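Protein chains in written order, with my numbering: chain A, 448 to 654; chain B, 797 to 1001.
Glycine is no exception: its CB is placed at the ideal position from the N, C-alpha and C atoms.
Reviewing the structure listed below.
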Ligand SMILES: CC(C)=CCC/C(C)=C/CC/C(C)=C/COP(=O)(O)OP(=O)(O)O
Ligand SMILES: CC(C)=CCC/C(C)=C/CC/C(C)=C/COP(=O)(O)OP(=O)(O)O
Ligand code: DMA
Ligand code: DMA
Ligand SMILES: [Mg+2]
Ligand SMILES: [Mg+2]
């Protein structure tokens, strides 16, 4: 951990590129997701160590659920597993997504209220069956409207880091990302390395 | 230069006018006048290559709290840009909070989309704009279709000068899926190749 002058209060993670990573290894597209779990736990461990107070992971969107059944089952399975694993750490977990849907995994409804595990050293939010349109329309007092979006328990994002080399938000939290610094890692998510985060934090503070 | 694929709608964030001015030994507010010709030149290239729609980020509600000398200069630059484009076949729309003393009265003529000349391209300007004002302007199915910026469609490619990698609250709804290209050079140092570089990136996505 370098000697940061400043850290983001809240980091957003877009763990993109699981299918490309799988194909590059001669695996089926759906086999990449299971290789994205340990990168998530590694990223949390570093966040806890350097003092990041809040991380939001983009888990999957409603549009993601139109992918073939074999992909949907693999990425939902890996999301549930990621949350289960994170609950054996010191994380205050919140899952945000459209629960009024057969595409919302029932195993994750338990975490739609923020749940402190062990010492609760870092807030971790997970977007599960998330959609920007669902999020903004949930609100329907118009000045309150923003305070009543589905994702209102998720605060403003300081720094958004995206793996897989695409420079775009894919509709992650349009309200919380208005002013976010955006750092894009070319490597696919399962090729996560600590220096990816350190490079993003160096960028954030030299800003 | 030839492109396999062109975006339907480009967003521009012309940031870095004050840094550009300071670096040239000028006063902070002197950068804005030097951002007009870059805008007109971008417009010309877009007409030439056939881009159908371009949205410029002019200024935010927050930007109006800057020293008067800076605000007058950037407001004056935005008015001149709109006036100039209206002489050259732009279909112009200005979006911003008109229920504000900081909305430039000279741009009230453009709050409903107006075809000038052949209307070769739709040019949008955000002037006295805020994301929060935009979304709250607004069934809920209807209400997102009634955000203040509702006449501005989805953005395919957003290009930002000045090296900052953020949206600064530009059109949160229309930028959800936008590919983002950041030019490190300040807006007044605009070159055609900046735009060509962004378009090569887009076609590679
Ligand atoms: C930390 C964490 C959430 C761990 C589990 C991994 C996981 C389930 C990720 C989210 C699902 C998803 C759509 C990933 C993006 O890769 P993609 O399928 O779009 O792949 P591609 O961009 O290469 O096509
Ligand atoms: C749309 C267009 C082409 C109009 C002409 C130029 C113009 C009026 C620009 C918008 C005003 C603005 C706040 C610019 C950002 O640079 P900045 O002042 O934030 O400078 P800095 O980032 O160097 O501080
Ligand atoms: C949840 C998540 C990691 C999304 C980003 O990838 P995507 O493939 O859904 O989006 P895009 O098509 O915008 O790359
Ligand atoms: C209107 C415009 C040209 C955007 C630049 O935004 P800014 O400098 O006001 O914002 P930031 O501080 O987020 O760069
Ligand atoms: Mg993807
Ligand atoms: Mg600026």
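(request) Closer than 9 Å, Cβ to Cβ, to anything on chain A: give me those residues from the segment 969–999 of chain B, in chain order. (result) 969, 971, 972, 973, 974, 975, 976, 977, 978 and 997
(request) Taking only beta-carbon positions, decide if residue 931 of chain B is within less than 8 Å of chain A. (result) Position 135 of the second chain, counting from 1, holds the residue named residue 931 of chain B. Yes, contact with chain A.
(message) For a test of your reading of the model: does the CB of residue 463 of chain A fall under 7 Å from any non-hydrogen atom of ligand 5? Yes or no.
(response) Counting from one through the first chain, the residue named residue 463 of chain A turns up at place 16. Checking every heavy atom of ligand 5 against the Cβ of residue 463 of chain A, one is found closer than 7 Å.
(request) Taking residue 890 of chain B and residue 906 of chain B to be in contact with their CB atoms under 8 Å, please state how far apart those CB atoms are, rounded to whole angstroms. (result) The residue labelled residue 890 of chain B in the question sits at position 94 within the second chain. The residue labelled residue 906 of chain B in the question sits at position 110 within the second chain. Their Cβ separation, rounded to whole angstroms, is 4 Å, which keeps residue 890 of chain B and residue 906 of chain B in contact under 8 Å.
(request) Between the Cα of residue 499 of chain A and those of A/616, A/546, A/448 and A/594, spot the shortest distance and give me the residue it belongs to. (result) Residue numbering aside, residue 499 of chain A sits at position 52 when the first chain is read from its first letter. Looking at the Cα atoms, A/448 is the closest of the given residues.
(request) Tell me residue 632 of chain A's beta-bridge partners as DSSP assigns them. (result) Counted from its first residue, the first chain places residue 632 of chain A at position 185. Partner(s): none; residue 632 of chain A has no beta bridge.
(request) Could you please give me the residues that DSSP links to residue 532 of chain A through a beta bridge? (result) In the first chain, counting from the first residue as 1, residue 532 of chain A sits at position 85. DSSP lists no partner for residue 532 of chain A.
(request) Enumerate in chain order the residues of its own chain whose CB-to-CB distance from residue 455 of chain A is below 7 Å, with the five nearest sequence positions on each side excluded. (result) What you label residue 455 of chain A is simply residue 8 of the first chain in a count that begins at 1. Counting only Cβ-Cβ distances below 7 Å, and skipping sequence neighbours, we find 499, 605, 606 and 651.
(request) Compare the C-beta of residue 580 of chain A against all C-beta atoms of chain B and say whether one is closer than 8 Å. (result) The count along the first chain starts at 1 and reaches residue 580 of chain A at position 133. Cβ-Cβ to chain B under 8 Å: yes for residue 580 of chain A.
(request) Return the first residue and the last residue of the alpha helix (DSSP H) that residue 480 of chain A is part of. (result) The residue labelled residue 480 of chain A in the question sits at position 33 within the first chain. Note, residue 480 of chain A: premise wrong, no alpha helix (DSSP H); not H, not E.
(message) According to DSSP, is residue 499 of chain A part of a helix, a strand, or is it coil?
(response) As a working mapping, residue 499 of chain A is identified with position 52 in the first chain. It is coil, neither helix nor strand.
(request) Determine the direct distance from the alpha carbon of residue 537 of chain A to that of residue 949 of chain B, and round the result to whole angstroms. (result) In the second chain, residue 949 of chain B corresponds to position 153, counting from 1. In the first chain, residue 537 of chain A corresponds to position 90, counting from 1. Each residue's alpha carbon lies about 43 Å from the other.
(request) For residue 589 of chain A, go through chain B and note every residue whose CB falls closer than 8 Å to its CB, in chain order. (result) For the purposes of this step, residue 589 of chain A is identified with residue 142 of the first chain, where counting begins at 1. Those are 932 and 934, listed as they occur along chain B.
(message) Quick check: the Cα distance between residue 987 of chain B and residue 979 of chain B, rounded to an integer number of angstroms?
(response) Taking the first residue of the second chain as 1, we reach residue 987 of chain B at position 191. Taking the first residue of the second chain as 1, we reach residue 979 of chain B at position 183. If you take the alpha carbons of residue 987 of chain B and residue 979 of chain B, they lie about 10 Å apart.
(message) Just to confirm the assignment, what range does the alpha helix (DSSP H) spanning residue 467 of chain A have?
(response) Within the first chain, residue 467 of chain A is the residue found at index 20, counting from 1. Counting along the chain, the alpha helix (DSSP H) containing residue 467 of chain A begins and ends at 465–471.
(message) So the candidates are B/834, B/868 and B/892; which of them puts its Cα closest to the Cα of residue 928 of chain B?
(response) Along the second chain, read from residue 1 onward, the residue named residue 928 of chain B stands at position 132. The residue with the shortest Cα to Cα distance from residue 928 of chain B is B/892.
(request) Go to residue 940 of chain B, then tell me how far its alpha helix (DSSP H) extends in each direction, as first and last residue. (result) If you number the second chain from 1, residue 940 of chain B lands on position 144. From DSSP, the alpha helix (DSSP H) with residue 940 of chain B extends over 936–940.
(request) Look up residue 608 of chain A in the DSSP assignment and say whether it is helix, strand or coil. (result) Numbered from its first residue, the first chain carries residue 608 of chain A at position 161. Three-state result, residue 608 of chain A: strand.
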